[PDB]
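Novice: An experimental structure, sequence included, is below.
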Amino acid sequence: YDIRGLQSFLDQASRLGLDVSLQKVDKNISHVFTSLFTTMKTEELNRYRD
Amino acid sequence: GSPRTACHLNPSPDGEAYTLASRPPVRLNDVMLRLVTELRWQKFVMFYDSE
């Protein structure tokens, strides 16, 4: 995906004054969860189910 | 005089490279990864011009 297709909504959504992070999902999924839970702490698993 | 974005490579077969780029990349993304915590920032707003 080319990220410029969402860059307008980032602006006004930030102008709602909210609190938002931005993250990529890579091409392989099990490697993403491998990078997740090997570095997910308890508090990280907490904020991630949030 | 605007800031500089990245340009990519469309998919191509291998062993195929002549088109040159004398320009360094956007080398400050990792610098920003440092600096938004070296300035100890949690929540903040960023901007970029029209073009």
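Specialist: Received the coordinates, thanks. Residues are numbered from 1 along each chain as shown, chains lettered A, B, ... in the order given.

Novice: so how far is the first residue of stretch B:34-48 from its last?
Specialist: When the termini of stretch B:34-48 are compared using C-alpha to C-alpha, to the nearest Å, they are 20 Å apart.

Novice: and if you look at stretch A:10-26?
Specialist: Distance between the two ends of stretch A:10-26: 21 Å, counting by C-alpha to C-alpha.

Novice: mind listing what's buried in that stretch?
Specialist: Within stretch A:10-26, no residue counts as buried by 16 or more other C-beta atoms under 10 Å in any protein chain shown. To be clear about C-beta, it is placed using only N, CA and C from the backbone, and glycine gets the same treatment.

Novice: Name the residues that touch that stretch?
Specialist: With C-beta atoms under 8 Å, 6 or more residues apart in numbering or on different chains as the test, stretch A:10-26 has contacts from A:32, B:43, B:45.

Novice: ok, residues contacting stretch A:42-49?
Specialist: The contact list for stretch A:42-49 (C-beta under 8 Å, 6+ apart) reads A:36-37, A:40.

Novice: switch the cut-off to 7 Å
Specialist: Outside stretch A:42-49, the residues that touch it by C-beta atoms under 7 Å, 6 or more residues apart in numbering or on different chains are residue A:40.

Novice: Using PDB, write down the CA coordinates of it.
Specialist: Only the C-alpha atoms of stretch A:42-49 are listed here, as PDB (Å, rounded to 0.1, in the frame of the first residue of the first chain):
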ATOM      1  CA  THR A  42       3.100  -8.200  30.500                       C
ATOM      2  CA  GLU A  43       2.500  -4.500  30.300                       C
ATOM      3  CA  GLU A  44       3.000  -4.700  26.500                       C
ATOM      4  CA  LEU A  45       0.500  -7.500  26.200                       C
ATOM      5  CA  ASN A  46      -1.800  -5.400  28.400                       C
ATOM      6  CA  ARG A  47      -1.500  -2.200  26.200                       C
ATOM      7  CA  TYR A  48      -1.800  -4.400  23.100                       C
ATOM      8  CA  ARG A  49      -5.100  -6.000  24.100                       C
END
